[PDB]
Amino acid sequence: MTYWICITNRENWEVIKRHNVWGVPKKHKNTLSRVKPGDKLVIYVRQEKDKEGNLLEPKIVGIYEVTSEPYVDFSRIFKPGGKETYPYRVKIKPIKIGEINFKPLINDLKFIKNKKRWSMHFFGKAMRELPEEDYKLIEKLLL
């Protein structure tokens, strides 16, 4: 199987949790075409800020397992000035739900070569593969 880290935000994480669906835009459809049942997904929410202006640092909020083959569905379950529906999807099921800050893990993460400019490894990506080592590290801290 393959391990993945999916990049979303807090508003969408709620939808993901309620609908058991992971979706991506057309640009990233090729990456999704590689996803298979049994693959594991690490859910990551990017850095944001509440309505009061306070900074909400990035963090991992859960681990899911893929249960379906990739398919297309334009239903409007997600929330984006744009109207992205994230039509390319795979069904999923939760394995573990809990949050841990992401930054403290940067140094120990293999897939992150450039620690100073780690954003480089997330830039313009919906999801990316995770070496097994990285997954296990995250799985433990999330048990």
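Numbering starts at 1 and runs along the sequence shown.
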Size class of the missing deposited segment between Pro80 and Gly81
1 to 3
So, looking at the entry's B-factor column for Cα atoms, which has the higher mean, 34-42 or 51-59?
51-59
Regarding 84-92 and 105-113, which shows the higher C-alpha temperature factor on average in the entry?
105-113
Could you tell me which third, lowest, middle or highest, the C-alpha B-factor of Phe123 occupies within its chain?
middle
